[PDB]
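Trainee:
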Amino acid sequence: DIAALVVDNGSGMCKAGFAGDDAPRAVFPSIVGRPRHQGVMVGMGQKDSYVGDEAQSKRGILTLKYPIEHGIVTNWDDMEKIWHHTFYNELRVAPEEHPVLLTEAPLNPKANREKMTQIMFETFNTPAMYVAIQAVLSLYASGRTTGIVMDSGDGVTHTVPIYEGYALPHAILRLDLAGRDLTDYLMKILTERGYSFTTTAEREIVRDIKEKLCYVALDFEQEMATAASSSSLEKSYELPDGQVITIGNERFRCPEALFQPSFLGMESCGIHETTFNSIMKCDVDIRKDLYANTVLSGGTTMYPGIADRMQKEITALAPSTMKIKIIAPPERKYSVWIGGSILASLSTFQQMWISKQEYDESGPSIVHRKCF
Amino acid sequence: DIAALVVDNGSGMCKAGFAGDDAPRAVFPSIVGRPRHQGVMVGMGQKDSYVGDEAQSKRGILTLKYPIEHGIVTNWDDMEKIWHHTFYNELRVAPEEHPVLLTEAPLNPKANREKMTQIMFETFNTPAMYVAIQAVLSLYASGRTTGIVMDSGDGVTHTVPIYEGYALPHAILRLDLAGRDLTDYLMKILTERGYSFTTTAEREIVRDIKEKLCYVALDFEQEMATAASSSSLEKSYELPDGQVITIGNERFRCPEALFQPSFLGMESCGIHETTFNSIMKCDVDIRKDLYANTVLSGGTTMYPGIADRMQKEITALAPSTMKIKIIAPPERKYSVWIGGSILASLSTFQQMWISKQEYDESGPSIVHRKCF
Amino acid sequence: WXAXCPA
Amino acid sequence: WXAXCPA
Amino acid sequence: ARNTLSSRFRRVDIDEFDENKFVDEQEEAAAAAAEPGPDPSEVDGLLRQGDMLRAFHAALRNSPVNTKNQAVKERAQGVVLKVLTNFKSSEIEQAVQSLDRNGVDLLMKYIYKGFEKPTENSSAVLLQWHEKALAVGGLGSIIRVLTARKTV
Amino acid sequence: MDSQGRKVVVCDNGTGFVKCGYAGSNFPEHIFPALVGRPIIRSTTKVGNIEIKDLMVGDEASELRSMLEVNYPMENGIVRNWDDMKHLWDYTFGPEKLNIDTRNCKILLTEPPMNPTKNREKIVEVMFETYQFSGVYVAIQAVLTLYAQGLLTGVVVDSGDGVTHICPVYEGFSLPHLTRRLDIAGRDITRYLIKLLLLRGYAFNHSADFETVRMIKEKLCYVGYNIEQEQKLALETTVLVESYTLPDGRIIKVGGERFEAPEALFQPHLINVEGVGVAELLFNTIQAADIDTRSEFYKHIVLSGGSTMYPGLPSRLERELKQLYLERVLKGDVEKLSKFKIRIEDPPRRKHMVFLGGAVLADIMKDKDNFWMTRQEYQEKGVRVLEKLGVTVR
Ligand SMILES: Nc1ncnc2c1ncn2[C@@H]1O[C@H](COP(=O)(O)OP(=O)(O)O)[C@@H](O)[C@H]1O
Ligand SMILES: Nc1ncnc2c1ncn2[C@@H]1O[C@H](COP(=O)(O)OP(=O)(O)O)[C@@H](O)[C@H]1O
Ligand SMILES: Nc1ncnc2c1ncn2[C@@H]1O[C@H](COP(=O)(O)OP(=O)(O)O)[C@@H](O)[C@H]1O
Ligand SMILES: [Mg+2]
Ligand SMILES: [Mg+2]
Ligand SMILES: [Mg+2]
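For the protein sequence lines, the chains are A, B, C, D, E and F, in the order given.
First residue of the first sequence: 10, per the working numbering; consecutive thereafter.
First residue of the second sequence: 10, per the working numbering; consecutive thereafter.
First residue of the third sequence: 18, per the working numbering; consecutive thereafter.
First residue of the fourth sequence: 18, per the working numbering; consecutive thereafter.
First residue of the fifth sequence: 21, per the working numbering; consecutive thereafter.
First residue of the sixth sequence: 640, per the working numbering; consecutive thereafter.
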């Protein structure tokens, strides 16, 4: 029958599905490929367009472009294609019969969501729509209503505390260090071994190596010492052609940047200090529950042994009597969307929808009035 | 009285001299020639391998091999021969009485420095040595402490931004694209006229054609129409056997690969965008000083028209109110060596050597802690 | 190089 | 060819 | 001219590492339960007693024609050679004519395996043995010796 | 033939052999050597009954070579003699060959890659001014080979009589920076065989004796597999000596030469060519491509050209590639070599792959008007009409 679609559209990987399911129906790396070589044969397929897994497959002759970068849609001529593909080619459903719940990171350009609403209501002709913060979705995906959502996608990382359903905007923290920055740092440090990756195609290989073999250390200096002393901490990966490379010390040097951004030259604070600061910006009467219900989410917090590291860090920073518990669900990689589908199955969210005529009567700015 | 030796050893050309001079004592191509015939006039000076200039004067009957490709030493037996010829035949000085200041490209594998140190301390038995980044000496020689160095050697092209003496290692960029790729691309585009150069002893003739005739066009899409309309742009060259070639259009299509690497089948951006991105990676405050102190260096930047085109590019790329000044002196073919001789002669440097005692205490793994 | 590019 | 090799 | 590039990649013989090469199968019962072949003590007892025909037949009673162990094969070969090279040159025809066709097809293998490690007069008698065994069994015996896949 | 009755001819114009026919055909209608001969007298030959015209071309100029001085109009894919080439083309479109009225026909021509542009420009000029064809297209040889095989990806190793070239193509997108061109082919192998035979006391110094040595190299010679084992066979045994009867009647004996003349493709330094063999050049071409295309390039190695018909060339190429891969990718791990999957596609009719691909492409694009270079466009622009193909010339 008639339901409400849910299109996360986070950076790196676009997720989409139908409300009610426990997993996004169509998830694909949100990229656009473009051929950098001139075709000569008749019979070859499309040109100037390759989206998702189709682009990932033929990346050997394409240049890849992420339309989203650090949470801000840089090129709309490609994001429109991404939406067209996830509507007509992956979910395989007309977008003029279903509400759509999009997601946006906190503290973003207003024109971003303005153009989002304008494109949703002007090209795909959806009946209604809604844009929500990813954190609120993540907490609404954990079934909790009191916690500090620590989300970390590929282009943004944000700590958002929420208490009794009330969101505190004064304490929302957003660090820009995220997954793709870790991928770049890995590409840079892999040169020490002698492995050069400089193509946007081989960036995918590096990203897969990262999310397959990289793990964040519990004690950085001790792990460095053990890696420098012995070879019992060296893993082997196999490139697509068939070569086998070895990564040792890099394995934990790559994710360690999340706690010491100075590795990237970014003179800022880590993600654990960001969590601690976003907590210390809340009222004094609620800091303990936030200390107790820290929830993680996103495809950049699945590194083995990250929950214990964050817990150690916060406990070192937080007072002794305060108890620290890092709620790390082993499904967080899609948690926000799960939250998305959840927020789409409540009779309380079936009236917060920005109607088509509501957009017509006031223009695209209505997103700021209705959506928070 | 002991004076350090400044020995560059970059790809394509090796330049050695004494510390405290205004010009390198001995410059010679860093090749090793293996005889590819079996000569029976025994006793007339036959050898197993000719190094440096002695190879060029015989390149007709030799296979010339470069031990350093893209800044990386791919053959260490040949590099030991290069260094022995530098020490005992070009400089004519025992290595065990002087410290040696070698240079290296940024973002090279750590095995390169490790083996450089191991060879300089276990084979040539030097009392002290050092390894410096080339683009830093290229700023030492320019008489500055703030600027962005754009060093384009024969085999590698890297950009290093420095401000007030504090280098920004998070903005050092590297591009494996230099004279050796321009010379192999000219060898390809010369076939359109009918000229077929294939032997490693004709790559030198093509490199000579390139370094004597080729120039960088200020406007490629206009100079193409110019060279298409009239024959007022052709130049003739005389091979060492009598035949004469003529090249009208190839002249600026050879160095145009620097600004459009897609000509060589490379995704990477040109040298102007490589410099601009490396500027915009720094902080907002120091970008104005980096703009107006853009230094050039290395042989590949010895093209008539390189500074004009670089300025026209980085000015159409930089904000409309920033002043761009391409610092390009005619002595930039050897700025790195002058910087090395300046650095090795300073008094405050005499504590930065790596002493033989230090190497005996920690092996070749020390060059990573001392050398920046 | 070992992986990527020759050197 | 014209320069290099015969053809 | 001469080659000034590395040609050491031609020395590696990848054909010995092939996966479609021929491997000689052997039966699982013949690989698990090995047959010890003849009993040497019985043979020395029958030789000391002085009966040549019965010692000969006891040498060919059972043979490691199914095992893969080199020690048992070498020992059985040694015992049967000890029996063969000790006959009188006259009683060879009578001993040969007392064997079935398989007996001759095995005696010829034990003969052709006695030429490979000869002594002062072992081959001078193995040649007479071969003469009689070929008179009885014909070239088919020599061919069943050549085209065998397990040597005794 | 298209919807206008204008025959669509396909002509390969190889350095060592012309293969011509019509579009959609499954086999070249005419395959004849591309050589032009002129009558001469020789003190050792006597013929007085076969009428020999003042200009023999093609097949008859090769079968009657004993009484002619023959010369090829092409060399290394570059037309050295334009008058002899015009005679060869007059004969090709003449009555005793493909019989067409060139005023009302389209033609599909070929050309090797990385070739001087004046060559193609002059060929198009000749086709539009002398024969006045109504349409001309000049396709790429590797593209035609992949058309004939029925693929969209693969690394065509096209080794003709005149020149060897390795061209990879991925998913239909041509990578022109990986096109390699080695100048050793049938003709240099024939010259090397002439040298080797001269070491034995036989002298083939005339223009006609070259075709005799060619026919010897085609019957007897073969590419070795384990060159150490082949040298052991040639030095220890005598099972490689084979006799051949020359046309005059002499009987020559060819031994180890059988595997030394065609070895100059894998070991060029035998004929004073400083480079790498066809196997090492193929491996370097592959390993110069992006990491994501190498694994598919290894599985679609398409052989083409006559010079790849030596008995045992696919297997030797595969063995060479496996050894290179074991030493320079797996760094010496024999366990992983069994996982390396090559597939050297050597079709049986691989001697005319370019013509079959041209036939397929012409059968596809005969009825279009934006594919062919029309004579009107030539009369209007000149040698600029070639810009239709994607080759920019002014
Ligand atoms: N198990 C994992 N460990 C480390 N990194 C991962 C893992 N899974 C995914 N990633 C990384 O997360 C990045 C993007 O995924 P994700 O953050 O889920 O996208 P989004 O920002 O839209 O949620 C990718 O670069 C990927 O490599
Ligand atoms: N005057 C010139 N014009 C054009 N190209 C040049 C010129 N001088 C040098 N080159 C190119 O740059 C390279 C020489 O640069 P060089 O400074 O010798 O490199 P390195 O310092 O690493 O030895 C050569 O390969 C050549 O192709
Ligand atoms: N079976 C064969 N074995 C070895 N060489 C051959 C064989 N057939 C032809 N050749 C060589 O290759 C040439 C023919 O190949 P072909 O592809 O027709 O050349 P072209 O490039 O002229 O089309 C002949 O000149 C001959 O020297
Ligand atoms: Mg996200
Ligand atoms: Mg330099
Ligand atoms: Mg051909």
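Using N, Cα and C, we set each Cβ at its ideal position, and we do this for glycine too.
(1) Taking 7 Å as the line, does the beta carbon of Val-968/F fall inside it for any heavy atom of ligand 5?
(2) Determine whether the Cβ of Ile-81/B lies closer than 8 Å to any Cβ atom of chain C.
(3) So what's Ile-315/B in DSSP terms, helix, strand or just coil?
(4) Under the DSSP definition of a beta bridge, which residues are partnered with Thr-72/A?
(5) For ligand 5, is there any heavy atom lying closer than 7 Å to the beta carbon of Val-36/B?
(6) Can at least three beta-carbon pairs, one atom from the stretch 316–323 of chain A and one from the stretch 276–290 of chain A, be found at a separation below 8 Å?
(7) Is the CB of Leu-248/A under 8 Å away from at least one CB in chain C?
(8) If you reduce the DSSP assignment to three classes, tell me which class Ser-798/F lands in.
(9) Which residues does DSSP list as the beta-bridge partners of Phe-812/F?
(10) Opposite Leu-14/A in the DSSP bridges: which residues?
(11) Could you check how far apart the C-beta atoms of residue 636/F and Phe-767/F are, in whole angstroms? I think they sit under 8 Å.
(12) If you measure from the beta carbon of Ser-205/A to each beta carbon in chain C, is any gap under 8 Å?
(13) Looking at the strands, I want to know which residues DSSP matches up with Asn-710/F.
(14) Is the distance from the Cβ of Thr-72/A to the Cβ of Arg-45/A below 8 Å?
(15) Run through DSSP, which three-state label would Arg-122/A get?
(16) Please list, in chain order, all residues of the same chain as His-79/B whose beta carbon is under 6 Å from its beta carbon, the five residues on each side excluded.
(17) So, is the C-beta of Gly-372/A closer than 8 Å to a C-beta in chain B?
(18) Between the alpha carbons of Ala-54/E and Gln-46/E, how many angstroms are there, rounded?
(19) Can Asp-317/B be considered in contact with ligand 6, in the sense that its beta carbon sits closer than 7 Å to one or more heavy atoms?
(20) Output needed for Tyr-841/F: all residues of its chain with C-beta closer than 7 Å, excluding positions within five of it in sequence on either side, in chain order.
(21) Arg-982/F: buried (16+ other C-beta within 10 angstroms of its C-beta) or exposed?
(22) Taking 8 Å as the cut-off, does the stretch 122–137 of chain A touch the stretch 367–376 of chain A (at least 3 CB pairs, one atom from each stretch)?
(23) Which residues mark the beginning and the end of the beta strand (DSSP E) in which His-167/B is found?
(24) Beta-carbon separation of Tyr-149/B and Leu-110/B under 8 Å?
(25) Any heavy atom of ligand 3 closer than 7 Å to the Cβ of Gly-945/F?
(26) Give a yes or no on contact between the stretch 650–658 of chain F and the stretch 696–716 of chain F, applying the rule of three or more CB pairs nearer than 8 Å.
(27) Is any non-hydrogen atom of ligand 1 found closer than 7 Å to the C-beta of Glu-211/A, if you look at the structure I gave you?
(28) Using only CA atoms, which one of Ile-347/A, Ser-354/A, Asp-298/A lies nearest to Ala-327/A?
(29) Comparing the CB of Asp-193/B with every heavy atom of ligand 2, is any distance shorter than 7 Å?
(30) Where does the unbroken beta strand (DSSP E) through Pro-38/A begin, and where does it stop?
(31) So what's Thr-731/F in DSSP terms, helix, strand or just coil?
(32) When the Cα of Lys-93/E is compared with those of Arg-81/E, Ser-110/E, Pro-56/E, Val-103/E, which residue comes out closest?
(33) Quick one: give me the first and last residue of the alpha helix (DSSP H) that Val-304/B is part of.
(34) According to DSSP, simplified to helix, strand and coil, what is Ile-746/F?
(35) Would DSSP call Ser-350/B helix, strand or coil?
(36) For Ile-70/A, would you say it is in contact with chain C, using Cβ-to-Cβ distances shorter than 8 Å as the test?
Mentor: In short:
(1) As a first step, residue 968/F must be located in the sixth sequence, where it is residue number 329. False, no ligand heavy atom lies under 7 Å from that Cβ.
(2) The residue labelled residue 81/B in the question sits at position 72 within the second sequence. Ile-81/B counts as touching chain C.
(3) Position 306 of the second sequence, counting from 1, holds the residue named residue 315/B. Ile-315/B: helix per DSSP, three-state reduction.
(4) Numbered from its first residue, the first sequence carries residue 72/A at position 63. DSSP output for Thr-72/A lists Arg-43/A as bridge partner(s).
(5) Numbered from its first residue, the second sequence carries residue 36/B at position 27. No; taking the cut-off as 7 Å, the Cβ of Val-36/B has no heavy atom of ligand 5 nearer than that.
(6) yes
(7) Working through the first sequence from its first residue, we reach residue 248/A at position 239. Cβ-Cβ to chain C under 8 Å: yes for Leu-248/A.
(8) Here residue 798/F is taken as the residue at index 159 of the sixth sequence, counted from 1. In this structure, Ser-798/F counts as strand in the three-state DSSP scheme.
(9) Position 173 of the sixth sequence, counting from 1, holds the residue named residue 812/F. For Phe-812/F, which the question treats as bridged, DSSP gives the partners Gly-48/A, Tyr-809/F.
(10) Stepping through the first sequence from its first residue, residue 14/A is reached at position 5. Beta-bridge pairing links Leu-14/A to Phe-27/A, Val-109/A.
(11) Outside the shown range of chain F (640 to 1033) lies residue 636/F, about which nothing can therefore be said.
(12) Against the first sequence, residue 205/A aligns to sequence position 196. Output row for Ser-205/A: interface = yes.
(13) If you number the sixth sequence from 1, residue 710/F lands on position 71. BP columns for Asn-710/F point to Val-675/F.
(14) Your numbering for residue 72/A matches position 63 in the first sequence. Your numbering for residue 45/A matches position 36 in the first sequence. Yes, they are a contact pair.
(15) Indexing the first sequence from 1 puts residue 122/A at position 113. Helix, per DSSP.
(16) What you label residue 79/B is simply residue 70 of the second sequence in a count that begins at 1. Excluding sequence neighbours, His-79/B sits near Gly-164, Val-165, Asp-185.
(17) Your numbering for residue 372/A matches position 363 in the first sequence. No - not a single Cβ of chain B is within 8 Å of the one on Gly-372/A.
(18) On the fifth sequence, position 34 is the one that residue 54/E refers to. On the fifth sequence, position 26 is the one that residue 46/E refers to. Rounded to the nearest angstrom, the two C-alpha atoms are 12 Å apart.
(19) Counting from 1 along the second sequence, the entry for residue 317/B is found at position 308. No, the beta carbon of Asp-317/B sits no closer than 7 Å to any heavy atom of ligand 6.
(20) Reading the sixth sequence from its first residue, position 202 is the one you call residue 841/F. Cβ neighbours of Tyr-841/F beyond the five flanking positions: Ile-891.
(21) Taking the sixth sequence and counting its residues from 1, one reaches residue 982/F at position 343. Counting Cβ neighbours within 10 Å, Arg-982/F comes out exposed, since fewer than 16 surround it.
(22) yes
(23) Within the second sequence, the letter at position 158 stands for residue 167/B. Unbroken beta strand (DSSP E) run through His-167/B: 166–172.
(24) Taking the second sequence and counting its residues from 1, the one referred to as residue 149/B is at position 140. Taking the second sequence and counting its residues from 1, the one referred to as residue 110/B is at position 101. Going by C-beta atoms, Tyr-149/B is not nearer than 8 Å to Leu-110/B.
(25) Indexing the sixth sequence from 1 puts residue 945/F at position 306. Yes, the Cβ of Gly-945/F comes within 7 Å of a heavy atom of ligand 3.
(26) yes
(27) Here residue 211/A corresponds to residue number 202 of the first sequence, with the count starting at 1. Not under cutoff, so the answer is no.
(28) Position 318 of the first sequence holds residue 327/A. Per the Cα distances, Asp-298/A.
(29) As a first step, residue 193/B is located in the second sequence; it is residue number 184 there, counting from the start. Result no, Cβ not under 7 Å from ligand 2.
(30) If you number the first sequence from 1, residue 38/A lands on position 29. Element bounds for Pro-38/A: 35–38.
(31) Here the question's residue 731/F lines up with position 92 in the sixth sequence. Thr-731/F: helix per DSSP, three-state reduction.
(32) The residue given as residue 93/E occupies position 73 in the fifth sequence. Closest by alpha carbon: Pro-56/E.
(33) If you number the second sequence from 1, residue 304/B lands on position 295. That residue, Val-304/B, is in no alpha helix (DSSP H); its beta strand (DSSP E) goes 303–306.
(34) Against the sixth sequence, residue 746/F aligns to sequence position 107. Here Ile-746/F sits in strand by DSSP.
(35) Sequence index remark: in the second sequence, residue 350/B carries index 341 (1-based). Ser-350/B falls in the helix class under three-state DSSP.
(36) Counting from 1 along the first sequence, the entry for residue 70/A is found at position 61. So, not an interface residue.
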